[PDB]
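To be precise, the following lines are my_file.json, and they hold JSON, C-alpha atoms and all ligand atoms.
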```
[["chain", "number", "residue", "atom", "x", "y", "z"],
["P", 7, "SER", "CA", -1.18, 3.00, -9.89],
["P", 8, "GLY", "CA", 2.27, 2.94, -8.24],
["P", 9, "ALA", "CA", 5.00, 0.77, -6.68],
["P", 10, "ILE", "CA", 7.79, 0.74, -3.98],
["P", 11, "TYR", "CA", 11.24, -0.38, -5.23],
["P", 12, "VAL", "CA", 13.59, -1.62, -2.50],
["P", 13, "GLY", "CA", 16.62, -3.90, -3.09],
["P", 14, "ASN", "CA", 15.64, -6.61, -5.63],
["P", 15, "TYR", "CA", 11.90, -6.23, -4.80],
["P", 16, "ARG", "CA", 8.90, -4.42, -6.32],
["P", 17, "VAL", "CA", 5.91, -3.92, -3.99],
["P", 18, "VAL", "CA", 2.47, -3.33, -5.59],
["P", 19, "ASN", "CA", -1.28, -3.53, -4.72],
["P", 20, "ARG", "CA", -2.06, -7.24, -5.34],
["P", 21, "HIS", "CA", -5.17, -6.29, -7.44],
["P", 22, "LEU", "CA", -2.90, -4.28, -9.79],
["P", 23, "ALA", "CA", -0.10, -6.92, -10.15],
["P", 24, "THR", "CA", 0.89, -7.64, -13.79],
["P", 25, "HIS", "CA", 1.75, -10.98, -15.55],
["P", 26, "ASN", "CA", 5.52, -10.30, -15.07],
["P", 27, "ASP", "CA", 4.95, -9.63, -11.29],
["P", 28, "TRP", "CA", 3.12, -13.03, -11.06],
["P", 29, "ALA", "CA", 5.88, -14.79, -13.15],
["P", 30, "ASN", "CA", 8.54, -13.39, -10.72],
["P", 31, "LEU", "CA", 6.46, -13.73, -7.52],
["P", 32, "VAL", "CA", 8.23, -13.52, -4.16],
["P", 33, "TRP", "CA", 5.20, -13.15, -1.80],
["P", 34, "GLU", "CA", 1.50, -12.16, -1.86],
["P", 35, "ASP", "CA", -1.24, -11.61, 0.70],
["P", 36, "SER", "CA", -4.87, -11.29, -0.53],
["P", 37, "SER", "CA", -5.91, -10.36, 3.04],
["P", 38, "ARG", "CA", -3.52, -7.35, 2.95],
["P", 39, "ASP", "CA", -3.90, -6.47, -0.84],
["P", 40, "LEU", "CA", -0.09, -6.71, -1.26],
["P", 41, "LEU", "CA", 2.15, -8.49, -3.80],
["P", 42, "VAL", "CA", 5.97, -8.45, -3.96],
["P", 43, "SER", "CA", 7.88, -9.49, -7.12],
["P", 44, "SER", "CA", 11.67, -9.73, -7.92],
["P", 45, "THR", "CA", 13.58, -7.31, -10.21],
["P", 46, "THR", "CA", 16.90, -7.23, -12.14],
["P", 47, "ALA", "CA", 17.65, -3.54, -11.39],
["P", 48, "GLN", "CA", 18.33, -2.53, -7.74],
["P", 49, "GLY", "CA", 15.78, -0.28, -5.97],
["P", 50, "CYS", "CA", 16.62, 2.61, -3.66],
["P", 51, "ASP", "CA", 13.44, 3.46, -1.69],
["P", 52, "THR", "CA", 13.79, 3.49, 2.18],
["P", 53, "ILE", "CA", 11.08, 1.66, 4.20],
["P", 54, "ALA", "CA", 10.15, 3.32, 7.51],
["P", 55, "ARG", "CA", 10.77, 1.18, 10.69],
["P", 56, "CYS", "CA", 8.75, 3.23, 13.18],
["P", 57, "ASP", "CA", 5.34, 3.79, 14.93],
["P", 58, "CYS", "CA", 4.61, 7.38, 13.59],
["P", 59, "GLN", "CA", 0.87, 8.08, 12.95],
["P", 60, "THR", "CA", 1.30, 11.22, 10.81],
["P", 61, "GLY", "CA", 2.64, 11.52, 7.31],
["P", 62, "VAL", "CA", 2.04, 12.67, 3.74],
["P", 63, "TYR", "CA", 0.42, 10.73, 0.87],
["P", 64, "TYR", "CA", 0.40, 11.27, -2.87],
["P", 65, "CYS", "CA", -3.10, 11.62, -4.47],
["P", 66, "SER", "CA", -2.83, 11.28, -8.28],
["P", 67, "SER", "CA", -6.51, 12.33, -8.74],
["P", 68, "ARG", "CA", -5.50, 15.80, -7.41],
["P", 69, "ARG", "CA", -1.72, 15.81, -8.45],
["P", 70, "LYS", "CA", -1.15, 16.80, -4.77],
["P", 71, "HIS", "CA", 0.46, 15.46, -1.55],
["P", 72, "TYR", "CA", -1.73, 15.77, 1.56],
["P", 73, "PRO", "CA", -0.55, 15.69, 5.23],
["P", 74, "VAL", "CA", -2.67, 13.23, 7.32],
["P", 75, "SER", "CA", -3.13, 11.63, 10.74],
["P", 76, "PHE", "CA", -3.75, 7.87, 10.32],
["P", 77, "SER", "CA", -4.84, 4.97, 12.62],
["P", 78, "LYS", "CA", -2.42, 2.09, 13.63],
["P", 79, "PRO", "CA", -2.59, -0.93, 11.19],
["P", 80, "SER", "CA", -5.64, -3.12, 11.85],
["P", 81, "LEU", "CA", -8.55, -5.32, 10.61],
["P", 82, "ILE", "CA", -11.11, -3.08, 8.91],
["P", 83, "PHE", "CA", -14.26, -4.09, 6.98],
["P", 84, "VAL", "CA", -14.02, -3.25, 3.22],
["P", 85, "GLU", "CA", -17.12, -3.28, 0.91],
["P", 86, "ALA", "CA", -17.18, -5.44, -2.27],
["P", 87, "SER", "CA", -15.35, -4.51, -5.51],
["P", 88, "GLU", "CA", -14.58, -6.34, -8.86],
["P", 89, "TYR", "CA", -11.27, -7.63, -7.35],
["P", 90, "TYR", "CA", -12.53, -8.90, -3.97],
["P", 91, "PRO", "CA", -15.80, -9.80, -2.19],
["P", 92, "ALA", "CA", -16.76, -7.72, 0.93],
["P", 93, "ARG", "CA", -14.21, -8.94, 3.55],
["P", 94, "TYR", "CA", -11.92, -7.70, 6.46],
["P", 95, "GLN", "CA", -8.56, -6.40, 5.27],
["P", 96, "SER", "CA", -5.66, -6.65, 7.78],
["P", 97, "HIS", "CA", -2.66, -4.28, 8.41],
["P", 98, "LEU", "CA", -4.86, -1.39, 7.09],
["P", 99, "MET", "CA", -4.47, 2.27, 8.29],
["P", 100, "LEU", "CA", -7.27, 4.91, 7.96],
["P", 101, "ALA", "CA", -7.13, 8.72, 7.50],
["P", 102, "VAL", "CA", -9.71, 11.42, 6.65],
["P", 103, "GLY", "CA", -8.86, 12.26, 3.02],
["P", 104, "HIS", "CA", -9.64, 12.11, -0.68],
["P", 105, "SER", "CA", -9.20, 9.05, -2.93],
["P", 106, "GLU", "CA", -10.53, 7.32, -6.12],
["P", 107, "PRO", "CA", -9.80, 3.70, -7.27],
["P", 108, "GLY", "CA", -6.99, 4.98, -9.58],
["P", 109, "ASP", "CA", -5.19, 6.46, -6.54],
["P", 110, "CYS", "CA", -4.14, 2.94, -5.27],
["P", 111, "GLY", "CA", -0.35, 2.70, -5.37],
["P", 112, "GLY", "CA", 0.17, 6.25, -4.08],
["P", 113, "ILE", "CA", 2.87, 6.28, -1.41],
["P", 114, "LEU", "CA", 2.29, 7.35, 2.26],
["P", 115, "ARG", "CA", 5.57, 8.59, 3.75],
["P", 116, "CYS", "CA", 6.84, 9.87, 7.13],
["P", 117, "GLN", "CA", 10.22, 11.46, 8.11],
["P", 118, "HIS", "CA", 11.57, 7.83, 8.38],
["P", 119, "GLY", "CA", 10.68, 6.78, 4.78],
["P", 120, "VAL", "CA", 7.92, 4.75, 3.03],
["P", 121, "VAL", "CA", 5.04, 3.71, 5.39],
["P", 122, "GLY", "CA", 2.68, 2.07, 2.87],
["P", 123, "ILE", "CA", 0.59, 2.51, -0.30],
["P", 124, "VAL", "CA", -3.09, 3.63, -0.94],
["P", 125, "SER", "CA", -5.24, 0.45, -0.95],
["P", 126, "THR", "CA", -8.85, 1.52, -0.11],
["P", 127, "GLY", "CA", -11.21, 4.54, 0.03],
["P", 128, "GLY", "CA", -14.83, 5.53, 0.69],
["P", 129, "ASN", "CA", -17.01, 7.97, 2.70],
["P", 130, "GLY", "CA", -14.18, 10.59, 2.89],
["P", 131, "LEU", "CA", -11.73, 8.05, 4.37],
["P", 132, "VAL", "CA", -8.57, 6.70, 2.71],
["P", 133, "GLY", "CA", -6.89, 3.41, 3.67],
["P", 134, "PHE", "CA", -3.20, 2.54, 3.39],
["P", 135, "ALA", "CA", -1.67, -0.95, 3.28],
["P", 136, "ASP", "CA", 1.17, -0.85, 5.85],
["P", 137, "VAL", "CA", 4.60, -2.29, 4.79],
["P", 138, "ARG", "CA", 6.76, -1.37, 7.92],
["P", 139, "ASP", "CA", 6.41, -4.88, 9.47],
["P", 140, "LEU", "CA", 7.95, -6.53, 6.30],
["P", 141, "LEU", "CA", 11.56, -6.51, 7.69],
["P", 142, "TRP", "CA", 12.80, -8.87, 4.91],
["P", 143, "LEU", "CA", 12.31, -6.16, 2.18],
["P", 144, "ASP", "CA", 15.70, -4.73, 3.48],
["P", 145, "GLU", "CA", 17.76, -7.91, 2.96],
["B", 1, "LIG", "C1", -8.92, 4.16, -3.36],
["B", 1, "LIG", "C2", -10.41, 4.18, -3.46],
["B", 1, "LIG", "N1", -11.10, 5.34, -3.17],
["B", 1, "LIG", "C3", -12.38, 5.08, -3.38],
["B", 1, "LIG", "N2", -12.56, 3.77, -3.78],
["B", 1, "LIG", "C4", -11.31, 3.19, -3.85],
["B", 1, "LIG", "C5", -11.12, 1.78, -4.29],
["B", 1, "LIG", "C6", -11.21, 0.75, -3.18],
["B", 1, "LIG", "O1", -11.37, 1.08, -2.01],
["B", 1, "LIG", "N3", -11.06, -0.54, -3.56],
["B", 1, "LIG", "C7", -11.13, -1.03, -4.94],
["B", 1, "LIG", "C8", -9.90, -1.86, -5.30],
["B", 1, "LIG", "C9", -9.58, -2.90, -4.21],
["B", 1, "LIG", "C10", -9.48, -2.27, -2.82],
["B", 1, "LIG", "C11", -9.26, -3.31, -1.74],
["B", 1, "LIG", "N4", -8.07, -3.29, -1.15],
["B", 1, "LIG", "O2", -10.16, -4.09, -1.41],
["B", 1, "LIG", "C12", -10.82, -1.57, -2.55],
["B", 1, "LIG", "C13", -13.87, 3.13, -3.97],
["B", 1, "LIG", "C14", -14.91, 4.16, -4.39],
["B", 1, "LIG", "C15", -14.92, 5.34, -3.44],
["B", 1, "LIG", "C16", -13.55, 6.02, -3.33],
["B", 2, "ZN", "ZN", 8.48, 7.49, 10.61]]
```
Taking this structure as input, can you express it in the form of structure tokens?
Amino acid sequence: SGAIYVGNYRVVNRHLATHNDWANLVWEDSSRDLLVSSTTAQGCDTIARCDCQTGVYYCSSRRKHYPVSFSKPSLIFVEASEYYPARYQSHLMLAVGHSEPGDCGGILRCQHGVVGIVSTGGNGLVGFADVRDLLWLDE
């Protein structure tokens, strides 16, 4: 689990969105596994606006942060799960690292701020849903 709180927005994995997130929907993309909802309290996280391919991600299944090198966001094939059929997920970034389904929501972060959240995993690879192209989160 996990979310990014910036301005009057809450950013979560779409497959983990709650009833309140759906009732206060701002935007969602099944293809990216992202959902954004509105909030009453103001959020203070900083979103990275950069091209950096190294960072650190939080892994709840190990209570540890791991430094990683990750690929640029792209279309990657993702096997079937109970939330989605086997499809291509866009704006996805891959690194060699540990993950479990309960690790989705864990933040990936560089020196410039929040890069994205854990979305996928398998075969010793962890995938992150990028959020750096969502310029409207800052306004
Ligand atoms: C984080 C994670 N790590 C692993 N796994 C997962 C979970 C995973 O990839 N899902 C399941 C939830 C929806 C995700 C999606 N964006 O399509 C795909 C699956 C088992 C092997 C290790
Ligand atoms: Zn950066």
Between atom CA of residue P:34 and atom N1 of ligand LIG 1 (chain B) lies a distance of 21.6 Å
* To do: Go through P:13, P:103, P:122, P:111 and flag the residue nearest ligand ZN 2 (chain B), using all atoms listed in the file for the distances.
  =>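 Residue with the minimum atom-to-atom distance to ligand ZN 2 (chain B): P:122.
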So that I can check the surroundings of residue P:144, please list as a VMD selection string every protein, DNA and RNA residue that reaches within 10 Å of it, counting all atoms listed in the file and ignoring chain neighbours fewer than 4 positions away. chain P and resid 12 to 15 51 to 53 140
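Computed from the coordinates, the atom CA of residue P:86 to atom CA of residue P:60 distance equals 28.1 Å.
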At most 9 Å from ligand LIG 1 (chain B) (all atoms listed in the file): residue list as a count of residues only
41
Each residue of chain P with at least one atom at most 7 Å from ligand ZN 2 (chain B) should appear once, together with its nearest atom pair and the corresponding distance in Å (one decimal); atoms considered: only C-alpha atoms and all ligand atoms; ordering: chain, then increasing residue number; output as a tab-separated table.
```
residue	atom	partner	partner_atom	distance
P:54	CA	B:ZN2	ZN	5.5
P:55	CA	B:ZN2	ZN	6.7
P:56	CA	B:ZN2	ZN	5.0
P:57	CA	B:ZN2	ZN	6.5
P:58	CA	B:ZN2	ZN	4.9
P:116	CA	B:ZN2	ZN	4.5
P:117	CA	B:ZN2	ZN	5.0
P:118	CA	B:ZN2	ZN	3.8
P:119	CA	B:ZN2	ZN	6.3
```
Fill in: Pick from P:65, P:31, P:98, P:139, whichever lies nearest to residue P:8 using all atoms listed in the file
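Ranking P:65, P:31, P:98, P:139 by distance to residue P:8, first place goes to P:65.
Remark: for residue P:78, the closest of the candidate residues P:24, P:30, P:43, P:59 is P:59 (distances computed over only C-alpha atoms).
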Checklist line | Separation of atom CA of residue P:121 from atom CA of residue P:99, in Å and rounded to one decimal | finding: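 These atoms are spaced 10.0 Å apart.
Each of P:142, P:63, P:28, P:11 was checked against residue P:123 using all atoms listed in the file; the smallest atom-to-atom distance is that of P:63.
Considering the residues P:50, P:101, P:143, P:17 and counting all atoms listed in the file, residue P:74 has its shortest atom-to-atom contact with P:101.
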Take every atom of stretch 81-92 of chain P listed in the file, fit an axis-aligned box around them, add 4 Å per side, and give the centre and edge lengths in Å to one decimal as AutoDock Vina command-line options.
```
--center_x -12.9 --center_y -6.4 --center_z 0.9 --size_x 16.6 --size_y 14.7 --size_z 27.5
```
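If only C-alpha atoms are the atoms counted, then among P:27, P:112, P:10, P:120 the closest residue to residue P:70 is P:112.
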Missing atoms in stretch 93-119 of chain P need filling: write out N, CA, C and O atoms for it as a CSV table (one decimal), keeping the file's coordinate frame.
```
chain,number,residue,atom,x,y,z
P,93,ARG,N,-14.9,-8.2,2.5
P,93,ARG,CA,-14.2,-8.9,3.6
P,93,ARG,C,-13.6,-8.0,4.6
P,93,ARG,O,-13.9,-6.8,4.6
P,94,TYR,N,-12.7,-8.5,5.5
P,94,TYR,CA,-11.9,-7.7,6.5
P,94,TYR,C,-10.5,-7.7,5.9
P,94,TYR,O,-10.0,-8.8,5.6
P,95,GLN,N,-9.9,-6.5,5.7
P,95,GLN,CA,-8.6,-6.4,5.3
P,95,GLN,C,-7.6,-6.1,6.5
P,95,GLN,O,-8.0,-5.2,7.3
P,96,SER,N,-6.6,-6.8,6.6
P,96,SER,CA,-5.7,-6.6,7.8
P,96,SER,C,-4.5,-5.7,7.5
P,96,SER,O,-4.3,-5.3,6.3
P,97,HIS,N,-3.8,-5.2,8.5
P,97,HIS,CA,-2.7,-4.3,8.4
P,97,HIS,C,-3.0,-3.0,7.6
P,97,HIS,O,-2.2,-2.4,6.9
P,98,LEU,N,-4.3,-2.6,7.8
P,98,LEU,CA,-4.9,-1.4,7.1
P,98,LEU,C,-4.9,-0.1,8.0
P,98,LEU,O,-5.2,-0.2,9.2
P,99,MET,N,-4.5,1.0,7.5
P,99,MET,CA,-4.5,2.3,8.3
P,99,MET,C,-5.4,3.3,7.7
P,99,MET,O,-5.4,3.5,6.5
P,100,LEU,N,-6.3,3.9,8.5
P,100,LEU,CA,-7.3,4.9,8.0
P,100,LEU,C,-7.0,6.4,8.3
P,100,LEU,O,-6.7,6.6,9.5
P,101,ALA,N,-7.2,7.3,7.4
P,101,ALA,CA,-7.1,8.7,7.5
P,101,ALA,C,-8.3,9.4,6.8
P,101,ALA,O,-8.9,8.8,5.9
P,102,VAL,N,-8.7,10.6,7.3
P,102,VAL,CA,-9.7,11.4,6.6
P,102,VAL,C,-9.0,12.1,5.4
P,102,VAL,O,-8.0,12.8,5.6
P,103,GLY,N,-9.4,11.7,4.2
P,103,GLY,CA,-8.9,12.3,3.0
P,103,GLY,C,-9.5,11.8,1.7
P,103,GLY,O,-10.3,10.8,1.7
P,104,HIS,N,-9.1,12.4,0.6
P,104,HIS,CA,-9.6,12.1,-0.7
P,104,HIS,C,-8.9,10.9,-1.4
P,104,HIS,O,-7.7,10.8,-1.3
P,105,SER,N,-9.7,10.1,-2.1
P,105,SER,CA,-9.2,9.0,-2.9
P,105,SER,C,-10.2,8.6,-4.0
P,105,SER,O,-11.4,8.9,-3.9
P,106,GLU,N,-9.8,7.9,-5.0
P,106,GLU,CA,-10.5,7.3,-6.1
P,106,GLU,C,-9.8,6.0,-6.4
P,106,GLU,O,-8.6,5.9,-6.2
P,107,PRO,N,-10.5,5.0,-7.0
P,107,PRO,CA,-9.8,3.7,-7.3
P,107,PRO,C,-8.4,3.8,-7.9
P,107,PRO,O,-7.5,3.1,-7.6
P,108,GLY,N,-8.2,4.7,-8.9
P,108,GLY,CA,-7.0,5.0,-9.6
P,108,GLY,C,-5.9,5.6,-8.7
P,108,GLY,O,-4.7,5.6,-9.2
P,109,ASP,N,-6.2,5.9,-7.5
P,109,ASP,CA,-5.2,6.5,-6.5
P,109,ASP,C,-4.4,5.4,-5.8
P,109,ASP,O,-3.4,5.7,-5.2
P,110,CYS,N,-4.9,4.1,-5.9
P,110,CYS,CA,-4.1,2.9,-5.3
P,110,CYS,C,-2.7,2.9,-5.8
P,110,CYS,O,-2.5,3.1,-7.0
P,111,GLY,N,-1.7,2.7,-5.0
P,111,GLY,CA,-0.4,2.7,-5.4
P,111,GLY,C,0.4,3.9,-4.9
P,111,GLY,O,1.6,3.9,-4.8
P,112,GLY,N,-0.4,5.0,-4.6
P,112,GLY,CA,0.2,6.2,-4.1
P,112,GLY,C,0.9,6.0,-2.7
P,112,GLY,O,0.3,5.3,-1.9
P,113,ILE,N,2.1,6.5,-2.6
P,113,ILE,CA,2.9,6.3,-1.4
P,113,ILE,C,2.5,7.2,-0.2
P,113,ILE,O,2.2,8.4,-0.5
P,114,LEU,N,2.4,6.6,1.0
P,114,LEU,CA,2.3,7.4,2.3
P,114,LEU,C,3.7,7.3,2.8
P,114,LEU,O,4.4,6.3,2.9
P,115,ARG,N,4.2,8.5,3.3
P,115,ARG,CA,5.6,8.6,3.8
P,115,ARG,C,5.7,9.5,5.0
P,115,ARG,O,4.9,10.4,5.2
P,116,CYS,N,6.6,9.1,5.9
P,116,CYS,CA,6.8,9.9,7.1
P,116,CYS,C,8.3,10.3,7.1
P,116,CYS,O,9.0,10.0,6.1
P,117,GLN,N,8.8,11.0,8.1
P,117,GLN,CA,10.2,11.5,8.1
P,117,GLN,C,11.2,10.3,8.1
P,117,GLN,O,12.4,10.5,7.7
P,118,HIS,N,10.7,9.0,8.4
P,118,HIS,CA,11.6,7.8,8.4
P,118,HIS,C,11.6,7.1,7.0
P,118,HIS,O,12.3,6.1,6.9
P,119,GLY,N,10.8,7.5,6.1
P,119,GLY,CA,10.7,6.8,4.8
P,119,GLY,C,9.3,6.3,4.4
P,119,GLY,O,8.3,6.8,5.0
```
